[PDB]
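Coordinates in review
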Amino acid sequence: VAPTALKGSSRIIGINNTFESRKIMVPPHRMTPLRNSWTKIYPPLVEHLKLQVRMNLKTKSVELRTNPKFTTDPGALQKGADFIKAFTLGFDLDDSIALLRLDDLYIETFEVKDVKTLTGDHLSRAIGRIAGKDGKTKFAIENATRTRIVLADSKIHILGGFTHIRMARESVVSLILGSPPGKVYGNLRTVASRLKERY
Amino acid sequence: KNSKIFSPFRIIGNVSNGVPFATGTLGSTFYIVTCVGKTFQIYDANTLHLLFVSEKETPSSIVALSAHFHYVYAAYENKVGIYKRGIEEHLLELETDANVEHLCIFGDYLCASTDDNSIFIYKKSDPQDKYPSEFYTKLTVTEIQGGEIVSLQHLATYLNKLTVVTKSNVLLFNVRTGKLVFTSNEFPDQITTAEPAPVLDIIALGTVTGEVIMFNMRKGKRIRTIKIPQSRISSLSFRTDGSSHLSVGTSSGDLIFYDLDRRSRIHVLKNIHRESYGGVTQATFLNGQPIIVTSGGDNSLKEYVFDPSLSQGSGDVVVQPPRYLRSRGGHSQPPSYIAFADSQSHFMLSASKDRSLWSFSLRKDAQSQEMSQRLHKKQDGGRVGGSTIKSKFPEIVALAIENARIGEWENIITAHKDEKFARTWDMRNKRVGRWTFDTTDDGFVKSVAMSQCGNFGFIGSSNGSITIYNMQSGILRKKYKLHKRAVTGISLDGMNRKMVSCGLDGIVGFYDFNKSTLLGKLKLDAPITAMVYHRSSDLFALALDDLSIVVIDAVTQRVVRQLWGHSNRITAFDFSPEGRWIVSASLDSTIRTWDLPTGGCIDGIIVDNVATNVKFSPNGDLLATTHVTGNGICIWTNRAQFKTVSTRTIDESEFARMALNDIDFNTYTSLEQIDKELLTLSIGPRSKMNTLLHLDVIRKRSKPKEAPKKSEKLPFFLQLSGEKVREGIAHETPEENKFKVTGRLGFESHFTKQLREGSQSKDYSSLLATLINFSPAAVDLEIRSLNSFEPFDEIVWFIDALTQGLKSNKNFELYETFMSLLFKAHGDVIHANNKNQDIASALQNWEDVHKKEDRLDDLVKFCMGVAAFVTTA
Amino acid sequence: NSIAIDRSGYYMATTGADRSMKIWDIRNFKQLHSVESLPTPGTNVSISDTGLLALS
Amino acid sequence: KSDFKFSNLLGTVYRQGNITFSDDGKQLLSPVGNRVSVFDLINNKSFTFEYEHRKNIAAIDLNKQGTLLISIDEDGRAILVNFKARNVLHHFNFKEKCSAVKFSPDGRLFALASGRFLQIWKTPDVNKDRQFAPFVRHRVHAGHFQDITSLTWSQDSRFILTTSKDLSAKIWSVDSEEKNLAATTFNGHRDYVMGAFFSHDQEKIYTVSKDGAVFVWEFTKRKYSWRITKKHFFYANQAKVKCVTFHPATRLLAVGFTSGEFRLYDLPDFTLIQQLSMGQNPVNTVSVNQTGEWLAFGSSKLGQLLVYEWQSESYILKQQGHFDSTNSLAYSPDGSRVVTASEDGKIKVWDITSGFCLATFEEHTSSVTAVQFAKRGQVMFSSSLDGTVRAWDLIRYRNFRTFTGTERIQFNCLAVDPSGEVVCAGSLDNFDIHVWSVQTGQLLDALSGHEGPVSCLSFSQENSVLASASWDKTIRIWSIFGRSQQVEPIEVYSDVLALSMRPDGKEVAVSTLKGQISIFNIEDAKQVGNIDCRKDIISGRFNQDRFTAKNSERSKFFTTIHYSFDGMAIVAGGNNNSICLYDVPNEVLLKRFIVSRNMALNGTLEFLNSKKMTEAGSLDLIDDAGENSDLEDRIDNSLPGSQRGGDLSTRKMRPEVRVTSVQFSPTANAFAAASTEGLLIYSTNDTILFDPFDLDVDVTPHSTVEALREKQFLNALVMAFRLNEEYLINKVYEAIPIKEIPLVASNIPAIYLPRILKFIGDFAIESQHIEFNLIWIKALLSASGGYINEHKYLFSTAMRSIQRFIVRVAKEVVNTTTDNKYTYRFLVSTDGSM
Ligand SMILES: [Mg+2]
């Protein structure tokens, strides 16, 4: 150290992730990404969080344990479980590594039916309005609210800071209910500016 | 005794009080430590600039001073204090009541002699310790051994020996073992001074009957004997510049120099210091330079230099006499009058009983200068009649100054005791003026005043006649004759229209200077003694003979205030610059500050010595006083200038024994709301309403004209990845279930929780309270964020919240501003569902309150109906 | 900061802001001495006719 | 009446030095030449301290508690001031070129970079009373071999990093015991070191050199010691690093280059967040708010002050000031705003309270010489030496018309008719007064009759006659309006330079070259008064002069004058170091003010120091530009004979203290004087003076409170005025119940009516009791409207303030209430569907 040196809440929401042990089940579509991305997933977990990492091929789940003799941070197990789940939900690894690095990032989860009981084409057109052609509308929302959104069919996941994901939530719901696009893009301009301001 | 408005700051104009000064050398330069009563000042030998002063006044007067490199030792009563850079570092307290008299420091030993012929020795606890602190031993010289101790001196190359010099003889004490190694032979005449010579083993001894003895300690024998018949030696010093000279001071004030090699007198400097005040108290050669410093009890320090010999050969014989080089000085007796020369606190005029007027500078000591009394040549050509022997003018009883015409002609008038005319002075030239003003009624001068414009000087005679002269020519213009007794005060207002006079008859007359008419006449109960006129406020205070200060308003000619409490004469008094206080001194040894608005004494002081004069600075920062004792001026700082002062009347009885808060601090804070039904805006900046309404366009302007070009590879969450505080809405955390559009419980925002709780409690006062606290960007973000989807519960609640606020009649602009922003961001949603009962009912209630707040329109329209008409036609 | 050359044109003395003096042999370009640490940087150098090296 | 005091300095927002944010982040401290200005950004208020240095400020610093502010001028003289009380505690001379001063984050110590020594001192307690020697030395450090460019405190108040021109950064320990912790020297920079900083964990030290290199120092094995692990480089082509700041919490590095662009870097990743260009001039200083989100930038050359919200890419504050350039000023009719004209050709409107330029116009090619407002207040006119007179509309900021003479004549003075239908301008080359019709723009007529150049013009607000004065030693009164044109010349002893018209329109004052203010009666064309002014005027000896100030005849006359709106006072200014305020009826000097006390300006001193000469001459006349290290400082663009009208570089001579114009505030008892340093606004607002009116023994602060408790309001209010104390007036004002206001108002004695109207005006602008005030004003005007009408020029300033209050804040509020009322009715009444 330099001579000048100074002298279990789950971040993810909408789903219950929770010597202790934590198991995370990986769906089939994330196995191959997990395999090729496995090389970069265990080091931050084993090294920084000092957790024991196993994943069961038989049950296709990721198993984490707190090591009494090595682990030091009591929240490390839950942070580590949160980090794996983000990679499980569909977020890119670099975004998922943000959860480990920062202490104020939450994942908000909700379903289209929770907003409105839509079926058939109506549900399909609702997913379209969130995505937009070439993902422009989702692209607009993530930059403005400064979040990362994974639109897995009718399952929506929003990653970012608290107020950030509150506003990213409001844009998405207004798209589902069928608000005219002008509010969504037009108001997205204002929320982008107002958030970054000091006053 | 401790004022709540004023605190001592320093003494000005005091350079030495007669205690022998001490010389200390830092490298090449030399510094001189001088005593001023209860404090000491350090002067630089090169320029005689003031460097440092002791932080605090010692409890008792300083007796002896010795300096050694950075550290300076000052001895008062039984305590010896060590000072570095004027900061006390350590205090050596002796264990006996006997007062210390002499002080010697050689190496790591410190020697202090008490008046009971007891010598205390202190030593350094450690070899590299800076100053001696520990108590080593105690040596006492009995009457059998020798008489009283004259001084303690240490000769070079004497290992742990102290040369104690007594009236009877000289003794040699070995401090380490505390044994008397040697006692000198008895000397017939009482010894008064000792000095170690640059030669070895030889110490110069000054007797009471004009003998100087080069006594050789090693040989125990006399070497030489000077005779100075009919004299008393007070100081001695050798010249170390390579020429064998000796400077002998005498109590008569004469300094003599001898050439020891030639056995002859170089010169004598006569009356360098007054004989009355102790003459040459100290006179020391600087180590290895041709310059000799001298001091005396007359509050002066001088320096003399020996120039090189004019003869190319035999320079030793042809010795130039010493030449005055530089000096610093002050009054020899207490100042009689003071006055501020300038609007700023730079310069001070002081006149003393020593018949000299001085200009003292508060900002720097060097700038202080004496007013020369050399007279200008008469215009007529006649010879000016005066004694050929030059004698200073008599002391100055009264004085007046103006700066309207500084530099153009004379601007100061001074009156003298038992003198039938007033003399003029010029500040810019620092020299007496060319005009003399005569009373013209065979009467002495008792009052002097000047107009603000600097053109007229008023002189008040003891026989009741007021004369007016013109300053630029000194030609009499007018003469007023109302009083039949002595006039003791004159003043002219700022406008040079109304003039006021007061005399021992107790009468105050009001004259109109322009028309020369008597406006009115006022009689008081008792004789009047002095007057001060405050030009800004047109109030002037009279020190009546019944121990009362009477304030009178010149415009109306009536007594407005009368102050009582003084136990004796009022020697002097002054107004505060703002016109709100009067500080008066009296012979009961007190200074009382009177609050004119409330007419009571707010502060009181008890000074040890009566205060002859008190004068505020025109700025108001400083207050200066002069006292019956002490050659300097006491300067005080007006603590009121940095914080408020309570105006509660002082306790008279408690003061004698020593010898509604918003009224009390002369402030008032506006109520939040005068009355419930009265409209009121928010307690804050008025730009907040405008900023909220036009937030977007204001922001649009602010943006840079060209985009900032940024790196492609940038962290997405940089704002959040901030090592740690920002308080923005973006930096908010949830506080601890079915998904809800507004917020999932445990994940909702603070504002939403307040709204829902308010909706249940039917009281949104908490939500309205926090609404006002938000920043404008926060407010726009939240009103945006309201749920706009059926059943429209959030929007309906929000309208209820604002509607309740409008009933409060407080902050009604912000509520209006909020309800505008509600329409901006949710105008469409309200419009589509205007038939919905929940929205319509809330809107109707808001309108019902809002319809009431239309009286404000009527009032505003009426005033412009009349203000435009009244201002125009 | 400074350079000096003797009369013979055989030696050179250079001082730098790195608090170092270096004597050079300019006939063959070989460094002879390097007083690497000086108390403070040397502003000037000079060489006399007799060969005295002067430093300031 | 005549109790004016310096309040604030407009026209200049930054001159040189280092800008520092307040700890709370709501106030900005900017050195303006010889004084310090404080801007409260959030509340929209500002003020400039009354203390004055003797040279331009070189460094300032405010401790975190917000209680003590130290400002050090270029000579090293330091002045310690209590921020809360706005008074001077002490003055100190450090006897060197002090480069930077910084308070330790604990608040106990402050460090000085003076020459090659770092000096650490002990702060004096604010609560303690003043002493002879408040500062106590802690230590002096002497390790560097050249000047110290800048220093930085460690966050725990235990280490100071110093960066010198030695190509070296060095670290010290404030505690003697902890010296072994930090006694290292950092080397390896090719150029000067502009700044050295600590990381938040304080394990990494960043050093920046002028050439644009950033070194990251880490304590690591090659057994442990400091090393450069990473080096980042600024690839600016020729720009040099001028000012560097680091915010450890947010890892923000703001670097300002000499080319006038600045970069925000995220250390240690060296990711470029943003860079902008604020101009072609160097960025002299940069600062960071405590929270790390406002960045304040300063460029000395054009006097620009920029505050950048790098988060949102928004400008909180962007301002540019004038030095030596303000040629004129003109208050808005209501006193809201002040306009200024500069040789740059730019007309700027400044808001008095905030102190910021709210708009700028750049049409005029050459120097704008004077500006005047129409009586209405919407329209504005300005005349320039480019040969045009231009009309501006403030509602839409459009130059809705432009006038120009046929002969291409430069204009120096202008006047505008009260009806706003005729505009007249004068010239120093044509000897005639041109006239134009505002509506049409045609040259209505050229008025002739002057045998010398026209120096000033003015219309009579009532009679509508035109008074024109010339160097012809004459003044002419033109009755332009009416069927017959008439001219009535009145002769004068000497050249006439300025002119002021009585608001009644019955008399005119004229300042002559002899140093006289002569007042004439228009209808009778005979003199009514005279005031001598030569003796009052203070003029200094310039350094280049070869003759004394006393014998000098350079400026013993007043080049500008103006009446007080009450009509009883004249404020005068000239090419001199004094602003004099005379009283007309008694022809006496009410007070004299010193414009400046700076020795950077040429004309400040009457007597100059003898030491400055040698056999060559004055030391200060010696040009030492070549000593400046940078090329741009050495380069001289000066033209040999220029006197005015060009940049500071052109003239080659020191600016001269001079007051071009002066005016009284229409709505407040204050006056503004344009000078070289800027618009010095002197105001009487403070009112700590006790100026009672018609007291008796029975009146007392206690008695009035008793009169209130006993519900004798009319007496209580009246006794309040006789004492004439604001806090006492304010209390009695607010305690009168609403039912009793109309009764009290009808019974206020007429003599006190002006005082209450003034008080309501000053209180109402910033007070919160709007409906309470409007109830009072409704009462007063209804009761005593007839009296106010009969004596207009006594109540004019008071009446304008009330109209200002009711048109700015009362009307703005009702305008926002009424529009909601219609926005409400539209939403409910109409039908919304589909
Ligand atoms: Mg006719």
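Residues numbered from 1 in each chain as written, not as in the entry; some residues may be left out. Chains lettered and ligands numbered in written order. Part of a larger assembly, values for the part shown. Heavy atoms only, no water.

Re the overall build of chain D
- A tally of regular secondary structure across chain D gives nine helices and 56 strands.
- The dimensions of chain D, computed from C-alpha atoms along their principal axes, are 100 × 80 × 75 Å.
- Of the roughly 33700 Å² that chain D leaves accessible, carbon and sulfur atoms contribute 48%. (Helix = DSSP H or I, 4+ residues; strand = E, 2+ residues; numbered from the N terminus. Areas by Shrake-Rupley, 256 points an atom, 1.4 Å probe, with all protein chains shown as cover.)

Considering helix 3 (residues 76-89) of chain A
Residues and elements named next belong to chain A.
- For helix 3, which comprises 14 residues, the first-to-last C-alpha distance of 20 Å matches the rise-based estimate of 20 Å (1.5 Å per residue) to within 8%.
- Of all 14 residues making up helix 3, 13 are buried, and the element is well covered by its neighbours.
- Of the residues trailing helix 3, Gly90 is marked for its positive phi of about 130°. (Expected span 1.5 Å × (residues − 1). Buried < 20%, exposed > 50% of the residue type's maximum accessible area, 1.4 Å probe, protein only.)

Here's the deal with empty space enclosed by the protein
- Its volume calculated, the largest cavity comes out at about 130 Å³.
- Listed by contribution, the elements that provide at least two residues to the lining of the largest cavity are helix 8 (162-177) of chain A together with helix 5 (750-761) of chain B.
- When its volume is computed, the second largest cavity comes out at roughly 60 Å³.
- Lining the second largest cavity, in full, are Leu681(B), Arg686(B), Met689(B), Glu813(B), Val809(D), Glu812(D) and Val813(D).
- Residue composition of the lining of the second largest cavity, by class: four nonpolar, no polar and three charged. (1 Å grid on protein atoms, 1.4 Å probe; cavity = no way out; pocket = protein on both sides within 12 Å on 5 of 7 lines; lining within 4 Å. Points joined across faces, edges and corners; volume = space filled by probe spheres on them. Nonpolar A, V, L, I, M, F, W, Y, C, P; charged D, E, K, R; others polar.)

Some points on the packing of aromatic side chains
- Under the defined criterion, the tally for this structure stands at 73 aromatic pairs over all chains.
- Pairing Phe40(B) with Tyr83(B) gives two aromatic rings, centres 5.1 Å apart and planes at 80°, and the pair type is edge-to-face. Of this pair, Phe40(B) sits in strand 4 (residues 39-44) while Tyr83(B) sits in strand 8 (residues 79-84), and the two are 43 residues apart along the sequence.
- Since its relative accessible area comes to 1%, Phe40(B) is described here as buried.
- A connected cluster of aromatic rings, assembled from ring pairs, spans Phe4(D), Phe6(D), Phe593(D), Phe664(D), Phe671(D) and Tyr682(D).
- The side chain of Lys138(B) reaches across the aromatic face of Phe120(B), ending 5.8 Å from its centre. (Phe/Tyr/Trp six-rings, centres within 6.5 Å; stacked < 30°, edge-to-face > 60°. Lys NZ or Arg CZ within 6 Å of the ring centre and 35° of its normal.)

Structural notes on a negative patch on the surface
- Together, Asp97(B), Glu101(B), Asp115(B) and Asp116(B) give the surface a local cluster of negative charge.
- Looking at the secondary structure, you find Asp97(B) in the loop between strand 9 (87-93) and strand 10 (100-106). (Patch = residues over 30% accessible without salt bridge, like charges linked within 9 Å, V, L, I, M, F, W, Y side chains within 5 Å. Salt bridge = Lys/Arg side-chain N within 4 Å of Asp/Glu carboxyl O. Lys, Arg positive; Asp, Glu negative; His and termini not counted. Charge placed at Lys NZ, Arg CZ, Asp CG, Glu CD.)

As for the side chain of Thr137(A)
- In this structure, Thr137(A) sits in helix 7 (residues 136-145).
- Dropping the residues within four chain positions of it, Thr137(A) is found in contact with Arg129(A), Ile130(A), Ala131(A), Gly132(A), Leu175(A) and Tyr185(A). (Contact = heavy atoms within 4.5 Å.)

Description of the interface of chain A and chain B
- Contacts between chain A and chain B engage 41 residues on the former and 33 residues on the latter.
- When chain A packs against chain B, close to 3400 Å² is buried across both sides, 64% of that on carbon and sulfur atoms.
- By the criterion of area lost to chain B, the three top residues of chain A are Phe162(A), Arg166(A) and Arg194(A), representing 21% of everything that side buries.
- Taken together, the links from chain A to chain B amount to five salt bridges.
- The salt bridge involving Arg194(A) is made with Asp780(B); its shortest N-O contact spans 3.7 Å.
- At the surface where chain A touches chain B, the tally comes to eight residue pairs in polar contact.
- For the side of chain A that touches chain B, the elements supplying multiple residues, two or more each, are strand 4 (106-111), helix 5 (112-115), helix 7, strand 6 (155-160), helix 8 and helix 9 (181-196) of chain A.
- The leading source of residues in the side of chain A that touches chain B is helix 8 of chain A, at twelve residues.
- For the side of chain A that touches chain B, a count of residues per class yields 17 nonpolar, eleven polar and 13 charged. (Buried area = accessible area lost by both parts, 1.4 Å probe. Polar contact = N/O pair within 3.5 Å; in protein donor to acceptor, adjacent residues only side chain to side chain.)

The values are spatial; any link to function lies outside them.
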